[PDB]
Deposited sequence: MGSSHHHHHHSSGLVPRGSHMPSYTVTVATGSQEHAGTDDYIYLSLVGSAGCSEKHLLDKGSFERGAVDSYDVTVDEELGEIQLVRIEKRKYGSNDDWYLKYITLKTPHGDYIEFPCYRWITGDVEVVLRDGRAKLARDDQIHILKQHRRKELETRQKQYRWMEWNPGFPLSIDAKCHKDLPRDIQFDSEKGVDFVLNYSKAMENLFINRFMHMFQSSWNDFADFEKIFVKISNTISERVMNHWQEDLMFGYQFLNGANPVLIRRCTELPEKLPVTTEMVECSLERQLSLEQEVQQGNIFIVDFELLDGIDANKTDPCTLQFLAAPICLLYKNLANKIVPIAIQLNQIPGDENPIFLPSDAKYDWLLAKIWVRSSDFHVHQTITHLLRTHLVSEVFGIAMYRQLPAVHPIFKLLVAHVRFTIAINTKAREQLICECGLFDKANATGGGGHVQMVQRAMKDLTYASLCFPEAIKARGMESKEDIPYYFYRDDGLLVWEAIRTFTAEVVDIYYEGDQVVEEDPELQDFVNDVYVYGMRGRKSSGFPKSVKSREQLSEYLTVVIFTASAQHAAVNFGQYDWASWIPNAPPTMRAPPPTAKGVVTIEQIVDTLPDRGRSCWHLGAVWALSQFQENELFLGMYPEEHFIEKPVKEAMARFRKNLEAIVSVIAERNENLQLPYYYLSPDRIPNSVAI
């Protein structure tokens, strides 16, 4: 891989490993020293190949002094061949070894100028050569990465209509690297359900019929779901350890909108206490989908009426400390045509009620828990980072690894998936505009506190490990959150002497302020910091960014196929309205209410595709791109990895004793960033 060119400085250039990293164009390189610049030297003449490391002997016509910058220029040879430059190092005449991190695509469009890898705050740069580069870099970043309102009331996002319009730096490594159109269809072929992709009018004949298709493609967990999805235990299990375990909260008093009585649920209670007394003991929990109330159902297919509920599900921590459903009201306003279903009802009344709650859980999962609260939020942090933090800034170096491909995957999504007439309209009952309504309404109550994991759990009354023992999403989440809190606190303490340095960092303040004003639209009730004025506050802020982008997203993303592939346990749509009376529903009707073959197929394709890890996935703590090069921060990273390794073992041992292991938050399965 290593090609040395001998005719001074020794200039090493490392090309990227990506498919199209190589270039065959001319590469000129000059050195900017305190005592003066150098000449523009052409390099190689040949080709810089994928994975290559080329070094050169470069003799200069005058003494340059200490090297401050390195300029790179790509002039065309034949056609335009993009070039991914990982980094450049120098062995100077005086024997110094200097590394210049890059990790950028170099299209001929403009000269690329690099700092040496030591992270510097603005206050560290007092000479004109550095200050000018720093200021000019931010000017360029702010012309290149702009905010834009994609839909009314959304967090602001990148100013680009489609993926190819993005700056090359933040695009996927290929144009079809991660593609919703391509990956969904390929998914459907590998699941052998390709023939169903347009059967939007054909119901399954029965559960045996869908099951015929499903046994061929089930995995460990979804097969468990196939065999146990009708059980109250599995139903309640998912609110804690399923694909979307963030909605349930301890009920401190029954809502007036749910007129449920002790008599109605006496058969479920097991401590000889009334329902009301049970609530006061802290044994009653609730999942309430008031958000779905008023959301427009998908009408893009005039031949299929699709339907949404907005249920209130009451649950109960029984004597075995398992949480189970004891009552379900499918809509918000109590009444005669809005029955409170119970486990003591006819078999299929209770089953269908649970199916509607599972379907509602799915809608809120897709759009709010997943899209808004990890994807869109992570893009807000990413854009603000690019706009306000130069590459030499320690916080840029820290965060860039954790917003990798985030803007790219989100732009792909707005281009193909969630736009008008996107893939999302095919199977989802909220498709066609409802999902946009959900984001707008959830946005009004998206807060900074709700992204702080420990507080969020506490706010939902689910913090007690003693009272609520089997909340594995909570337990593991807390371990990983604390591991990140530890790592960010350490990095902050290295580069910030005190709280006053944090407060006076104008680029940090502008980063935080962009997130607040543009990202979060300047809504006062968002609770986001307008500024950050202590190392402790900065540490927490950075943990919010990193945790949301890695752990939180992993928790709510990679369990989609496990739990949703068996469709009756996560219907993306319902083709009949919720039952208004008891004693009417039949199993045949349920099969016709569940999604047809066409929507089942697009649903399966989607949840499989989104749950895949890429071959060379970068998991939490893996930083192959060395933006940081200093010993102290490198050791902080090493401690981060060891701390994470310990968590992997804690979680593994914990899982050996579980009927159904929970591993979405095992750090070795948590990607660095939102990339799918």
Lining up the deposited sequence with the coordinates, I want the ranges that have no C-alpha atoms. 1-2, 10-22
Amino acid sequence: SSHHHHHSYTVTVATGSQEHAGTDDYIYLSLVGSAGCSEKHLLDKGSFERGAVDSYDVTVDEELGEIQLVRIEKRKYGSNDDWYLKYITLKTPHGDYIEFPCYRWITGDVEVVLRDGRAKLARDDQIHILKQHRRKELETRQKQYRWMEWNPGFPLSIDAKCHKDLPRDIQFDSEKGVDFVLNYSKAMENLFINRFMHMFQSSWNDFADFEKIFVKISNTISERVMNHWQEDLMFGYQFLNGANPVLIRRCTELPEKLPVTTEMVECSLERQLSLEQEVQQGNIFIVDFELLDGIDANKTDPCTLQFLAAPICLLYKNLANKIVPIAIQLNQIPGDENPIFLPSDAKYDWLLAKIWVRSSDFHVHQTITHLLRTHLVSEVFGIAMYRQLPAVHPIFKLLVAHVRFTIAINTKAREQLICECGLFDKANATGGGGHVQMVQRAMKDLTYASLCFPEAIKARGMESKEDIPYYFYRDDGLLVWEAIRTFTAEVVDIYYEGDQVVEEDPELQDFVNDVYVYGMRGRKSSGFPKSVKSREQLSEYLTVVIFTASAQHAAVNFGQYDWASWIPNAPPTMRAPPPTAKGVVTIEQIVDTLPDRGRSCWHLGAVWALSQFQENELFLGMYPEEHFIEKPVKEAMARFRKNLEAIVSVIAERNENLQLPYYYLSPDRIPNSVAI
From here on, numbers count along this sequence of modelled residues.
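Whichever C-alpha set is largest while still superposing within 1.5 Å between the two forms counts as the rigid core.
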Return whichever of 383-391 or 73-81 has the larger RMS Cα deviation from the displayed form in 5 other deposited structures of this protein, where every structure is aligned on the rigid core. 73-81
Between 36-44 and 617-625, where do the CA atoms move more in 5 other deposited structures of this protein, taking the root mean square over the structures and residues after a core fit? 36-44
Checking the other compared PDB entries, only those that cover the residues flanking it, does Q280 lack coordinates in at least one third? no
Relative to the other compared entries, is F180 without coordinates in a third or more of them? yes
Tell me which of 581-589 and 395-403 has the higher mean C-alpha B-factor in the deposited entry. 581-589
Averaging CA B factors per stretch from the PDB record, which one is higher: 133-141 or 78-86? 78-86
Among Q509, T374, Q329, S185 - the residue whose C-alpha B-factor is largest in the record: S185
Out of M199, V515, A442, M148, whose C-alpha atom has the biggest B factor in the entry? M199
Chain-relative CA temperature factor third for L620: lowest
Sorting the chain's modelled residues by C-alpha B-factor and splitting them into thirds places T15 in the middle
Please place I670 in the lowest, middle or highest third of its chain by C-alpha B factor as given in the entry. lowest
Quick one: classify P325 as lowest, middle or highest third of the chain based on its Cα B-factor. lowest
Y561: CA temperature factor from the record, placed by chain third, in the lowest
